[PDB]
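Text of input-v1.cif, listed as mmCIF, C-alpha atoms and all ligand atoms:
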```cif
data_work
loop_
_atom_site.label_atom_id
_atom_site.label_comp_id
_atom_site.auth_asym_id
_atom_site.auth_seq_id
_atom_site.Cartn_x
_atom_site.Cartn_y
_atom_site.Cartn_z
CA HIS A 4 16.13 -16.23 -26.59
CA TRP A 5 14.01 -14.54 -24.06
CA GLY A 6 10.60 -15.40 -22.62
CA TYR A 7 8.94 -16.45 -19.39
CA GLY A 8 9.86 -20.16 -19.34
CA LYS A 9 11.95 -22.24 -17.16
CA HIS A 10 15.08 -21.56 -19.02
CA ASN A 11 14.67 -18.12 -20.69
CA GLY A 12 12.78 -16.11 -18.11
CA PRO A 13 13.52 -12.83 -16.38
CA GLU A 14 16.45 -14.06 -14.38
CA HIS A 15 18.27 -14.86 -17.67
CA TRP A 16 17.57 -11.65 -19.57
CA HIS A 17 20.68 -9.86 -18.33
CA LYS A 18 22.94 -12.07 -20.45
CA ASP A 19 21.63 -10.61 -23.73
CA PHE A 20 20.38 -7.35 -22.22
CA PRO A 21 22.81 -6.19 -19.52
CA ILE A 22 20.68 -3.12 -18.61
CA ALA A 23 18.43 -5.66 -16.97
CA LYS A 24 20.69 -4.92 -13.96
CA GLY A 25 20.56 -1.14 -14.57
CA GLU A 26 19.74 1.79 -12.38
CA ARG A 27 16.17 2.46 -13.54
CA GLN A 28 14.57 -0.91 -14.18
CA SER A 29 10.85 -1.70 -14.04
CA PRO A 30 8.60 -2.89 -12.59
CA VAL A 31 9.06 -1.99 -8.91
CA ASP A 32 7.21 -2.53 -5.69
CA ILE A 33 5.25 0.58 -4.73
CA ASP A 34 5.54 1.08 -0.97
CA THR A 35 2.53 3.22 -0.12
CA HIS A 36 4.17 4.17 3.17
CA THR A 37 7.18 5.72 1.60
CA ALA A 38 5.82 7.18 -1.65
CA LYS A 39 5.34 10.88 -0.96
CA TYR A 40 2.59 13.14 -2.13
CA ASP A 41 3.97 15.69 -4.62
CA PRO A 42 1.70 18.82 -4.77
CA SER A 43 3.66 19.90 -7.92
CA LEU A 44 2.40 17.12 -10.10
CA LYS A 45 0.04 18.87 -12.64
CA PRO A 46 -3.42 17.37 -13.40
CA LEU A 47 -3.29 14.23 -15.56
CA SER A 48 -5.03 14.38 -19.00
CA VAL A 49 -6.13 11.29 -20.86
CA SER A 50 -7.61 12.31 -24.29
CA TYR A 51 -8.76 9.18 -26.04
CA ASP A 52 -11.93 10.46 -27.78
CA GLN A 53 -10.29 10.31 -31.25
CA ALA A 54 -8.42 7.06 -30.71
CA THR A 55 -8.16 4.82 -33.82
CA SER A 56 -7.46 1.24 -33.04
CA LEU A 57 -6.26 -0.81 -35.99
CA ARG A 58 -5.25 -4.36 -35.20
CA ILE A 59 -4.58 -6.90 -32.46
CA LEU A 60 -1.40 -9.01 -32.61
CA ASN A 61 -0.14 -12.03 -30.65
CA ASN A 62 3.59 -11.29 -30.57
CA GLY A 63 4.55 -14.43 -28.66
CA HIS A 64 4.88 -12.73 -25.32
CA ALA A 65 1.55 -10.81 -25.00
CA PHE A 66 -1.06 -9.39 -27.36
CA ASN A 67 -0.91 -5.78 -28.50
CA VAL A 68 -3.91 -3.67 -29.48
CA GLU A 69 -2.34 -1.23 -31.91
CA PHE A 70 -3.41 2.33 -32.72
CA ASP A 71 -2.85 4.87 -35.49
CA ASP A 72 -0.12 7.08 -34.00
CA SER A 73 0.51 9.20 -37.17
CA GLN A 74 -1.49 12.15 -35.66
CA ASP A 75 -2.40 13.30 -32.14
CA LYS A 76 -5.50 11.18 -31.90
CA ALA A 77 -5.18 9.53 -28.44
CA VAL A 78 -2.78 11.41 -26.20
CA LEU A 79 -1.59 11.51 -22.63
CA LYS A 80 -0.42 14.78 -21.08
CA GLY A 81 -0.21 16.41 -17.71
CA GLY A 82 0.69 14.65 -14.53
CA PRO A 83 4.44 14.39 -14.36
CA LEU A 84 4.78 14.81 -18.10
CA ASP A 85 6.14 17.71 -20.18
CA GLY A 86 4.64 17.74 -23.66
CA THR A 87 2.41 15.29 -25.49
CA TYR A 88 2.59 11.53 -25.64
CA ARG A 89 0.72 9.56 -28.32
CA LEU A 90 -0.86 6.14 -27.71
CA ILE A 91 0.74 3.46 -29.86
CA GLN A 92 -0.52 0.21 -28.28
CA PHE A 93 -1.79 -1.40 -25.14
CA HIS A 94 -1.18 -4.89 -23.80
CA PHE A 95 -1.47 -6.87 -20.58
CA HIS A 96 0.58 -9.09 -18.32
CA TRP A 97 -1.24 -11.81 -16.40
CA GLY A 98 -0.89 -14.87 -14.27
CA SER A 99 -1.71 -18.57 -14.30
CA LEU A 100 -3.60 -17.96 -10.95
CA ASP A 101 -5.56 -15.03 -9.73
CA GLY A 102 -2.97 -14.31 -7.02
CA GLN A 103 -0.25 -13.31 -9.46
CA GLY A 104 0.16 -11.60 -12.82
CA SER A 105 0.91 -7.96 -12.22
CA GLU A 106 4.38 -6.52 -12.79
CA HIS A 107 4.18 -3.63 -10.34
CA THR A 108 3.17 -4.58 -6.81
CA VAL A 109 1.61 -2.43 -4.10
CA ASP A 110 3.05 -3.11 -0.63
CA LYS A 111 4.12 -6.43 -2.14
CA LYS A 112 0.57 -7.26 -3.28
CA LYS A 113 0.36 -8.87 -6.72
CA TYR A 114 -2.74 -8.31 -8.79
CA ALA A 115 -4.19 -10.81 -11.27
CA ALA A 116 -3.01 -8.76 -14.26
CA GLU A 117 -1.73 -5.37 -15.32
CA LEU A 118 -2.67 -3.24 -18.36
CA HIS A 119 0.01 -1.09 -20.02
CA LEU A 120 -1.10 1.76 -22.29
CA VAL A 121 2.11 2.75 -24.11
CA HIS A 122 2.63 6.30 -25.37
CA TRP A 123 5.62 8.04 -27.00
CA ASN A 124 6.77 11.65 -26.73
CA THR A 125 5.90 13.47 -29.94
CA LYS A 127 9.03 15.64 -29.71
CA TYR A 128 11.01 12.59 -30.88
CA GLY A 129 9.00 12.04 -34.04
CA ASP A 130 8.55 8.27 -33.91
CA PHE A 131 8.52 5.44 -31.38
CA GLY A 132 11.88 4.04 -32.39
CA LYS A 133 13.59 7.36 -31.70
CA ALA A 134 11.60 7.89 -28.51
CA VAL A 135 12.79 4.68 -26.87
CA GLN A 136 16.38 6.02 -27.11
CA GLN A 137 15.51 8.93 -24.82
CA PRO A 138 15.12 9.00 -21.02
CA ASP A 139 11.79 10.81 -21.42
CA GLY A 140 10.71 9.03 -24.57
CA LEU A 141 7.75 6.99 -23.32
CA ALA A 142 4.90 7.34 -20.84
CA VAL A 143 3.22 4.10 -19.80
CA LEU A 144 -0.10 4.18 -17.99
CA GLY A 145 -0.31 1.09 -15.82
CA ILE A 146 -3.63 -0.19 -14.51
CA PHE A 147 -4.07 -3.16 -12.17
CA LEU A 148 -6.70 -5.83 -12.78
CA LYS A 149 -8.40 -7.80 -10.00
CA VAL A 150 -10.86 -10.65 -10.50
CA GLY A 151 -14.46 -9.81 -9.54
CA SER A 152 -17.14 -8.27 -11.66
CA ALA A 153 -16.71 -8.26 -15.44
CA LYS A 154 -15.30 -5.23 -17.23
CA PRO A 155 -17.73 -4.62 -20.05
CA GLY A 156 -15.26 -2.55 -22.05
CA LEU A 157 -12.82 -5.48 -22.11
CA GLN A 158 -15.20 -8.01 -23.65
CA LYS A 159 -14.52 -7.04 -27.28
CA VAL A 160 -10.84 -7.79 -26.63
CA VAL A 161 -11.62 -11.11 -25.00
CA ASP A 162 -13.85 -12.20 -27.82
CA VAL A 163 -11.20 -11.72 -30.54
CA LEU A 164 -8.54 -13.75 -28.72
CA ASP A 165 -9.59 -17.01 -30.35
CA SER A 166 -8.57 -15.53 -33.67
CA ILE A 167 -5.05 -14.72 -32.48
CA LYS A 168 -4.33 -17.82 -30.44
CA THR A 169 -0.75 -18.32 -31.56
CA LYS A 170 2.37 -16.25 -32.06
CA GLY A 171 2.37 -14.15 -35.18
CA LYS A 172 -1.38 -14.07 -35.71
CA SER A 173 -3.09 -10.75 -36.08
CA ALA A 174 -6.68 -9.60 -36.65
CA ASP A 175 -8.38 -6.42 -37.65
CA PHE A 176 -9.44 -4.55 -34.53
CA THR A 177 -10.98 -1.22 -35.43
CA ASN A 178 -13.19 1.10 -33.44
CA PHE A 179 -12.12 -0.09 -30.00
CA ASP A 180 -12.46 2.54 -27.29
CA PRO A 181 -9.66 2.31 -24.64
CA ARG A 182 -11.64 4.63 -22.34
CA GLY A 183 -13.60 1.50 -21.44
CA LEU A 184 -10.51 0.09 -19.69
CA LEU A 185 -10.00 2.98 -17.24
CA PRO A 186 -11.05 3.02 -13.54
CA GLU A 187 -13.07 5.89 -12.10
CA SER A 188 -10.14 7.67 -10.45
CA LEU A 189 -6.99 8.91 -12.12
CA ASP A 190 -5.02 9.10 -8.86
CA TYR A 191 -1.55 7.70 -9.54
CA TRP A 192 2.00 6.98 -8.53
CA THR A 193 4.88 7.94 -10.82
CA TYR A 194 8.56 7.15 -11.11
CA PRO A 195 11.24 6.90 -13.85
CA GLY A 196 11.84 3.40 -15.19
CA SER A 197 12.11 1.07 -18.12
CA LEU A 198 10.38 -1.19 -20.55
CA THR A 199 9.54 -4.44 -18.75
CA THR A 200 10.45 -6.64 -21.70
CA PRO A 201 13.72 -6.79 -23.67
CA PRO A 202 15.33 -4.50 -24.70
CA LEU A 203 14.50 -3.14 -21.19
CA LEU A 204 15.38 0.42 -22.26
CA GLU A 205 15.31 3.09 -19.54
CA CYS A 206 13.01 5.43 -21.40
CA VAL A 207 9.74 5.34 -19.45
CA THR A 208 7.90 7.72 -17.18
CA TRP A 209 5.64 5.27 -15.36
CA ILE A 210 2.20 6.41 -14.27
CA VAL A 211 0.55 3.63 -12.24
CA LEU A 212 -3.09 4.18 -11.29
CA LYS A 213 -4.06 3.50 -7.67
CA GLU A 214 -7.56 2.19 -8.46
CA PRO A 215 -7.65 -1.28 -10.08
CA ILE A 216 -10.25 -2.32 -12.60
CA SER A 217 -12.32 -5.48 -12.01
CA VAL A 218 -12.50 -8.23 -14.66
CA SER A 219 -14.39 -11.47 -14.39
CA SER A 220 -12.93 -14.89 -13.88
CA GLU A 221 -14.19 -15.82 -17.32
CA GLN A 222 -12.42 -12.85 -18.92
CA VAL A 223 -9.03 -13.76 -17.35
CA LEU A 224 -9.54 -17.41 -18.20
CA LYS A 225 -9.73 -16.40 -21.85
CA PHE A 226 -6.38 -14.57 -21.62
CA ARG A 227 -4.93 -17.83 -20.27
CA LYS A 228 -6.04 -19.78 -23.37
CA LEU A 229 -3.63 -17.85 -25.59
CA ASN A 230 -0.39 -19.52 -26.65
CA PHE A 231 3.23 -18.40 -26.56
CA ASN A 232 4.00 -20.78 -29.44
CA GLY A 233 3.31 -20.51 -33.12
CA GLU A 234 0.66 -22.58 -34.93
CA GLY A 235 1.86 -26.18 -35.44
CA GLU A 236 4.23 -25.97 -32.54
CA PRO A 237 3.82 -27.63 -29.17
CA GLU A 238 1.19 -25.79 -27.11
CA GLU A 239 2.53 -23.60 -24.32
CA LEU A 240 -0.13 -21.48 -22.62
CA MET A 241 0.56 -17.75 -22.51
CA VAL A 242 0.44 -17.30 -18.73
CA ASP A 243 2.78 -15.72 -16.21
CA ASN A 244 4.12 -13.24 -18.76
CA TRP A 245 5.21 -10.79 -16.04
CA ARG A 246 8.60 -9.58 -14.89
CA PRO A 247 8.96 -9.41 -11.08
CA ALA A 248 9.79 -6.25 -9.16
CA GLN A 249 13.28 -4.83 -9.60
CA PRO A 250 15.41 -2.82 -7.16
CA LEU A 251 14.28 0.76 -6.73
CA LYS A 252 17.86 2.01 -6.35
CA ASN A 253 18.25 5.80 -6.46
CA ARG A 254 14.59 6.58 -7.23
CA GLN A 255 11.61 8.02 -5.44
CA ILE A 256 8.02 7.13 -6.17
CA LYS A 257 5.72 10.18 -6.04
CA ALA A 258 2.00 10.15 -5.39
CA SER A 259 -0.54 12.46 -7.01
CA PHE A 260 -2.86 12.14 -4.03
CA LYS A 261 -2.89 12.44 -0.22
ZN ZN B 301 3.89 -4.25 -20.44
#
```
Would you write out, as structure tokens, the structure that this file holds?
Amino acid sequence: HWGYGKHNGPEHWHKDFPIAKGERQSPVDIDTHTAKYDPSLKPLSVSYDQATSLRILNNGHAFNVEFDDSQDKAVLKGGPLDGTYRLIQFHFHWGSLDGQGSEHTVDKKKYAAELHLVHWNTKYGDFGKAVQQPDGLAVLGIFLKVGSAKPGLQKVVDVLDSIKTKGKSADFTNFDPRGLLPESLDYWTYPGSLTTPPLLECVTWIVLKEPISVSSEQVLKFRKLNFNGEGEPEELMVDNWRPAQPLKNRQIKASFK
């Protein structure tokens, strides 16, 4: 009832999910000329040394690399955040062409893909409770451009053949998400939403300025995934991004000058 096709894509989502037209929807365009440096942001803290990946799942819209979130093992703190946010999963959005695929844009520039590392605020006890709160989630967004390969992505790429179709999962232990980060942690932040239904307005977005580079061959393997289930007509999983939404009564703050 929702997807990225010709008849169920983002422009239709409001019928089942009326917050699609809400006040704090994501993604947005980041205008680097109007985002203002905020010297109050605290330092941002990514603590992934104890991360425990478990599984990778094709959910029919993207693939999720899932983590054990039953202890503070991989946590995000600092920056704009109060308290501790635990990593639950990461996933990507990507294009059919290298000139599109990201959800956020920077001065209207679209990147080839965008990585979302999803974390929930431990004060709410579990993810399902957290998404009901305005400060329930913190999503670290990282742009991907096509150039050199990202060595830390290759283990993800190589398992995709085993999860080609919707509903397939595979064991995916011992994956280190630190290998997906750029050098700099400079970021923009603003209050927003999930970018897929139910589109809940529960996210503090933290979008890194520095993209990571992936190779053409790595992105091509993302584009071999399928939206459909096994034994259904093949529909390539491409262009699984929501376009920028109105900023409305929000300000984007920068961590850097
Ligand atoms: Zn996402």
Could you give me, as a tab-separated table, a per-residue list for chain A showing, wherever an atom lies at most 9 Å from an atom of ligand ZN 301 (chain B), the closest pair of atoms and their distance in Å to one decimal, using all atoms listed in the file and sorting by chain then residue number from low to high?
```
residue	atom	partner	partner_atom	distance
A:65	CA	B:ZN301	ZN	8.3
A:93	CA	B:ZN301	ZN	7.9
A:94	CA	B:ZN301	ZN	6.1
A:95	CA	B:ZN301	ZN	6.0
A:96	CA	B:ZN301	ZN	6.2
A:106	CA	B:ZN301	ZN	8.0
A:117	CA	B:ZN301	ZN	7.7
A:118	CA	B:ZN301	ZN	7.0
A:119	CA	B:ZN301	ZN	5.0
A:120	CA	B:ZN301	ZN	8.0
A:121	CA	B:ZN301	ZN	8.1
A:143	CA	B:ZN301	ZN	8.4
A:145	CA	B:ZN301	ZN	8.2
A:198	CA	B:ZN301	ZN	7.2
A:199	CA	B:ZN301	ZN	5.9
A:200	CA	B:ZN301	ZN	7.1
A:245	CA	B:ZN301	ZN	8.0
```
Restricting the calculation to all atoms listed in the file: of A:220, A:124, A:169, A:108, which residue gets closest to residue 30 of chain A?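 Checking each of A:220, A:124, A:169, A:108 against residue 30 of chain A, counting all atoms listed in the file, the winner is A:108.
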Taking all atoms listed in the file into account, name the residue in A:178, A:244, A:43, A:166 that is nearest to residue 56 of chain A.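 Comparing A:178, A:244, A:43, A:166 against residue 56 of chain A, the winner is A:178.
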Go through A:224, A:241, A:49, A:60 and flag the residue nearest residue 77 of chain A, using all atoms listed in the file for the distances. A:49
Report, as AutoDock Vina command-line options, the axis-aligned box around all atoms of segment 229-244 of chain A present in the file, extended by 8 Å on each side; give centre and edge lengths in Å to one decimal place.
```
--center_x 0.3 --center_y -20.4 --center_z -25.8 --size_x 23.9 --size_y 30.4 --size_z 35.2
```
Env of residue 23 of chain A: 12 Å cut, atoms = all atoms listed in the file, seq-sep filter 4 positions within chain, self excluded. Answer as a tab-separated table (two decimals) with C-alpha atoms, keeping the file's coordinate frame.
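And here's part14.tsv as it stands now:
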```tsv
chain	number	residue	atom	x	y	z
A	12	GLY	CA	12.78	-16.11	-18.11
A	13	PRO	CA	13.52	-12.83	-16.38
A	14	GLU	CA	16.45	-14.06	-14.38
A	15	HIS	CA	18.27	-14.86	-17.67
A	16	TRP	CA	17.57	-11.65	-19.57
A	17	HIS	CA	20.68	-9.86	-18.33
A	18	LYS	CA	22.94	-12.07	-20.45
A	19	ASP	CA	21.63	-10.61	-23.73
A	27	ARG	CA	16.17	2.46	-13.54
A	28	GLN	CA	14.57	-0.91	-14.18
A	29	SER	CA	10.85	-1.70	-14.04
A	30	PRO	CA	8.60	-2.89	-12.59
A	196	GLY	CA	11.84	3.40	-15.19
A	197	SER	CA	12.11	1.07	-18.12
A	198	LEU	CA	10.38	-1.19	-20.55
A	199	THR	CA	9.54	-4.44	-18.75
A	200	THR	CA	10.45	-6.64	-21.70
A	201	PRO	CA	13.72	-6.79	-23.67
A	202	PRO	CA	15.33	-4.50	-24.70
A	203	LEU	CA	14.50	-3.14	-21.19
A	204	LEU	CA	15.38	0.42	-22.26
A	205	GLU	CA	15.31	3.09	-19.54
A	246	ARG	CA	8.60	-9.58	-14.89
A	247	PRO	CA	8.96	-9.41	-11.08
A	248	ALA	CA	9.79	-6.25	-9.16
A	249	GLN	CA	13.28	-4.83	-9.60
A	250	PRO	CA	15.41	-2.82	-7.16
```
When you look at segment 257-261 of chain A with a cut-off of 6 Å (counting only C-alpha atoms), what residues show up, excluding the ones that are within fewer than 2 positions of it in the same chain? I need them as a PyMOL selection string. chain A and resi 38-41+190-193
Computed interatomic separation between atom CA of residue 115 of chain A and atom CA of residue 181 of chain A (Å):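 Those two atoms sit 19.5 Å apart.
Distance-wise, atom CA of residue 105 of chain A and atom CA of residue 183 of chain A end up 19.6 Å apart.
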Which residue out of A:64, A:239, A:21, A:180 has the minimum interatomic distance to residue 155 of chain A when only C-alpha atoms are used?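 The closest residue to residue 155 of chain A is A:180.
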Shell around residue 228 of chain A at 12 Å using only C-alpha atoms, local window under 5 positions removed, as a ChimeraX atom specification: /A:65,97-99,161-169,221-223,238-242
Separation of atom CA of residue 156 of chain A from atom CA of residue 84 of chain A, in Å and rounded to one decimal: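 Separation between atom CA of residue 156 of chain A and atom CA of residue 84 of chain A: 26.8 Å.
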Non-local contacts of segment 211-219 of chain A (8 Å; only C-alpha atoms; under 6 positions in same chain excluded) as a ChimeraX atom specification: /A:144-154,157,184-193
With a distance cut-off of 6 Å and only C-alpha atoms, select the neighbouring residues of residue 69 of chain A, excluding the residue or stretch itself and same-chain residues fewer than 6 positions from it, and output the selection as a PDB file with C-alpha atoms, keeping the file's coordinate frame.
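Listing of result16.pdb after writing:
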```pdb
ATOM      1  CA  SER A  56      -7.460   1.240 -33.040  1.00  0.00           C
ATOM      2  CA  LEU A  57      -6.260  -0.810 -35.990  1.00  0.00           C
ATOM      3  CA  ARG A  58      -5.250  -4.360 -35.200  1.00  0.00           C
ATOM      4  CA  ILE A  91       0.740   3.460 -29.860  1.00  0.00           C
ATOM      5  CA  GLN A  92      -0.520   0.210 -28.280  1.00  0.00           C
TER       6      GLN A  92
END
```
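Proximity ranking of A:132, A:52, A:66, A:113 relative to residue 231 of chain A places A:66 first, based on only C-alpha atoms.
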With N, CA, C and O atoms retained, output segment 56-67 of chain A as an mmCIF file, in the first residue's frame.
```cif
data_model
loop_
_atom_site.group_PDB
_atom_site.id
_atom_site.type_symbol
_atom_site.label_atom_id
_atom_site.label_comp_id
_atom_site.auth_asym_id
_atom_site.auth_seq_id
_atom_site.Cartn_x
_atom_site.Cartn_y
_atom_site.Cartn_z
ATOM 1 N N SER A 56 26.272 -6.688 15.651
ATOM 2 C CA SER A 56 25.358 -6.919 14.562
ATOM 3 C C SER A 56 24.823 -8.345 14.657
ATOM 4 O O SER A 56 25.513 -9.242 15.138
ATOM 5 N N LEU A 57 23.623 -8.553 14.150
ATOM 6 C CA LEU A 57 22.984 -9.852 14.224
ATOM 7 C C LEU A 57 22.609 -10.435 12.855
ATOM 8 O O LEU A 57 22.790 -11.629 12.602
ATOM 9 N N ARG A 58 21.967 -9.612 12.012
ATOM 10 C CA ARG A 58 21.232 -10.142 10.885
ATOM 11 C C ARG A 58 21.093 -9.021 9.861
ATOM 12 O O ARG A 58 21.133 -7.845 10.219
ATOM 13 N N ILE A 59 20.869 -9.403 8.616
ATOM 14 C CA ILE A 59 20.528 -8.469 7.549
ATOM 15 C C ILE A 59 19.227 -8.969 6.935
ATOM 16 O O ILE A 59 19.049 -10.154 6.694
ATOM 17 N N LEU A 60 18.289 -8.021 6.678
ATOM 18 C CA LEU A 60 16.941 -8.332 6.252
ATOM 19 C C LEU A 60 16.573 -7.470 5.050
ATOM 20 O O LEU A 60 16.679 -6.239 5.133
ATOM 21 N N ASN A 61 16.058 -8.077 3.996
ATOM 22 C CA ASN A 61 15.380 -7.335 2.918
ATOM 23 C C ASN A 61 13.926 -7.209 3.311
ATOM 24 O O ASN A 61 13.213 -8.204 3.398
ATOM 25 N N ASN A 62 13.484 -5.982 3.648
ATOM 26 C CA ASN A 62 12.130 -5.765 4.127
ATOM 27 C C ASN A 62 11.176 -5.294 3.019
ATOM 28 O O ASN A 62 10.041 -4.915 3.295
ATOM 29 N N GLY A 63 11.624 -5.360 1.766
ATOM 30 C CA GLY A 63 10.806 -4.947 0.663
ATOM 31 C C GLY A 63 10.883 -3.460 0.315
ATOM 32 O O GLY A 63 10.343 -3.052 -0.708
ATOM 33 N N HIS A 64 11.485 -2.671 1.177
ATOM 34 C CA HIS A 64 11.749 -1.303 0.776
ATOM 35 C C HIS A 64 13.256 -0.994 0.764
ATOM 36 O O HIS A 64 13.674 -0.215 -0.125
ATOM 37 N N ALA A 65 14.049 -1.568 1.693
ATOM 38 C CA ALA A 65 15.463 -1.412 1.811
ATOM 39 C C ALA A 65 16.004 -2.727 2.409
ATOM 40 O O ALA A 65 15.258 -3.699 2.527
ATOM 41 N N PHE A 66 17.256 -2.739 2.812
ATOM 42 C CA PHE A 66 17.749 -3.800 3.683
ATOM 43 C C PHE A 66 18.227 -3.187 4.981
ATOM 44 O O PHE A 66 18.892 -2.138 4.994
ATOM 45 N N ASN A 67 17.927 -3.850 6.083
ATOM 46 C CA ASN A 67 18.348 -3.414 7.396
ATOM 47 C C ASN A 67 19.421 -4.343 7.937
ATOM 48 O O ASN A 67 19.208 -5.563 7.965
#
```
